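So this one's entry_17.cif, mmCIF, C-alpha atoms:
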data_input
#
loop_
_atom_site.label_atom_id
_atom_site.label_comp_id
_atom_site.auth_asym_id
_atom_site.auth_seq_id
_atom_site.Cartn_x
_atom_site.Cartn_y
_atom_site.Cartn_z
CA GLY V 1 15.21 27.69 -41.69
CA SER V 2 18.83 27.27 -40.66
CA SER V 3 20.64 28.96 -43.52
CA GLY V 4 21.75 32.56 -43.94
CA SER V 5 24.01 34.21 -46.49
CA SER V 6 25.14 37.77 -45.88
CA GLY V 7 27.63 39.49 -48.15
CA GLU V 8 28.86 38.99 -51.70
CA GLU V 9 31.87 41.05 -52.72
CA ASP V 10 33.44 39.52 -49.64
CA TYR V 11 34.32 36.77 -52.09
CA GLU V 12 37.34 38.90 -52.91
CA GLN V 13 37.95 39.71 -49.26
CA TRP V 14 39.29 36.18 -49.09
CA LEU V 15 41.73 36.56 -51.97
CA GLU V 16 43.37 38.99 -49.57
CA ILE V 17 44.34 36.03 -47.41
CA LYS V 18 46.12 33.49 -49.57
CA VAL V 19 47.25 30.06 -48.43
CA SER V 20 50.75 29.23 -47.26
CA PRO V 21 53.30 28.91 -48.28
CA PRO V 22 53.13 31.76 -50.81
CA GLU V 23 54.91 29.40 -53.17
CA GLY V 24 51.52 28.02 -54.15
CA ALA V 25 51.52 30.82 -56.70
CA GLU V 26 53.57 28.37 -58.73
CA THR V 27 50.65 25.97 -58.91
CA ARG V 28 48.13 28.79 -58.93
CA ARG V 29 48.31 28.73 -62.71
CA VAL V 30 47.12 25.15 -62.41
CA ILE V 31 44.87 25.68 -59.41
CA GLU V 32 43.01 28.55 -61.02
CA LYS V 33 42.46 26.10 -63.85
CA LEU V 34 40.53 23.75 -61.59
CA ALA V 35 38.47 26.45 -59.94
CA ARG V 36 37.85 28.06 -63.31
CA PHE V 37 36.79 24.57 -64.34
CA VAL V 38 34.77 23.96 -61.21
CA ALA V 39 33.12 27.21 -60.17
CA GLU V 40 32.46 27.39 -63.89
CA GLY V 41 30.51 24.17 -64.27
CA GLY V 42 29.99 23.13 -60.66
CA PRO V 43 30.63 20.04 -58.52
CA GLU V 44 30.31 17.76 -61.52
CA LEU V 45 33.68 19.11 -62.59
CA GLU V 46 35.32 18.69 -59.21
CA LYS V 47 34.22 15.09 -59.61
CA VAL V 48 35.60 14.77 -63.12
CA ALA V 49 38.78 16.57 -62.13
CA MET V 50 39.42 13.79 -59.64
CA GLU V 51 39.38 11.48 -62.63
CA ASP V 52 41.21 13.71 -65.08
CA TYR V 53 44.17 13.73 -62.72
CA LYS V 54 43.29 10.42 -61.10
CA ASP V 55 46.97 9.61 -61.39
CA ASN V 56 48.66 12.98 -61.04
CA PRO V 57 51.45 13.68 -58.54
CA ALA V 58 50.63 17.34 -59.04
CA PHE V 59 46.90 17.29 -58.38
CA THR V 60 47.52 15.16 -55.31
CA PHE V 61 45.66 17.91 -53.50
CA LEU V 62 42.36 17.06 -55.16
CA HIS V 63 41.91 13.85 -53.22
CA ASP V 64 43.46 15.09 -50.00
CA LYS V 65 41.20 17.39 -48.02
CA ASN V 66 43.81 19.09 -45.87
CA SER V 67 46.32 20.49 -48.34
CA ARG V 68 47.08 24.19 -48.68
CA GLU V 69 46.50 23.55 -52.37
CA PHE V 70 42.93 22.46 -51.73
CA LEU V 71 42.55 25.71 -49.81
CA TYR V 72 44.00 28.11 -52.35
CA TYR V 73 41.80 26.44 -54.94
CA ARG V 74 38.76 27.43 -52.91
CA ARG V 75 40.08 30.88 -52.12
CA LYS V 76 40.17 31.50 -55.85
CA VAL V 77 36.96 29.65 -56.60
CA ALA V 78 35.22 32.43 -54.71
CA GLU V 79 36.82 34.78 -57.21
CA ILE V 80 35.87 33.00 -60.42
CA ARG V 81 32.60 32.09 -58.75
CA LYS V 82 31.43 35.69 -58.59
CA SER V 83 32.13 36.07 -62.29
CA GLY V 84 32.50 32.86 -64.27
CA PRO V 85 30.22 32.21 -67.24
CA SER V 86 28.61 34.83 -69.45
CA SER V 87 25.00 34.21 -70.39
CA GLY V 88 22.52 33.82 -67.55
#

Please render this file's structure as structure tokens.
Amino acid sequence: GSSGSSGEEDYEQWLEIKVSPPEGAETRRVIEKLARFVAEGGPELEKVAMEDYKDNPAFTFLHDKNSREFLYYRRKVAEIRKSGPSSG
């Protein structure tokens, strides 16, 4: 088996290192939305999101896979990930 996962709370240890510039906080309100919508449901969302904002000059990060936005979205996902839904 070539798969090992050590740590958990570390998920927040990432939030410590945000993406640059720090202006992303402006979109954070929107980013967190995605994550909260992704980490919440899963990849299915990340797939739908690409459609929801198919034509969005704001969510231009979605498609792209090398945008600070796409990074911050993941840095937060780890946050919501830990604690997202409330049932299981």

Name the residues that the PyMOL selection byres ((chain V and resi 68-83) around 7) pulls out of this structure, and write them as a compact mmCIF listing (two decimals) with C-alpha atoms, keeping the file's coordinate frame.
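Result saved to selection.txt:
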# COMPACT_ATOMS: atom_id res chain seq x y z
CA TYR V 11 34.32 36.77 -52.09
CA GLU V 12 37.34 38.90 -52.91
CA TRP V 14 39.29 36.18 -49.09
CA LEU V 15 41.73 36.56 -51.97
CA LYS V 18 46.12 33.49 -49.57
CA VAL V 19 47.25 30.06 -48.43
CA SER V 20 50.75 29.23 -47.26
CA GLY V 24 51.52 28.02 -54.15
CA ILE V 31 44.87 25.68 -59.41
CA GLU V 32 43.01 28.55 -61.02
CA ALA V 35 38.47 26.45 -59.94
CA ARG V 36 37.85 28.06 -63.31
CA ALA V 39 33.12 27.21 -60.17
CA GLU V 40 32.46 27.39 -63.89
CA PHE V 61 45.66 17.91 -53.50
CA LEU V 62 42.36 17.06 -55.16
CA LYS V 65 41.20 17.39 -48.02
CA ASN V 66 43.81 19.09 -45.87
CA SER V 67 46.32 20.49 -48.34
CA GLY V 84 32.50 32.86 -64.27
CA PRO V 85 30.22 32.21 -67.24

How many Å lie between CA of residue 86 in chain V and CA of residue 3 in chain V, rounded to one decimal?
-> 27.8 Å

Any idea what the distance is between CA of residue 58 in chain V and CA of residue 16 in chain V?
-> 24.7 Å

Distance in Å - CA of residue 50 in chain V versus CA of residue 38 in chain V |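 Taking CA of residue 50 in chain V as the start and CA of residue 38 in chain V as the end point, the length is 11.3 Å.
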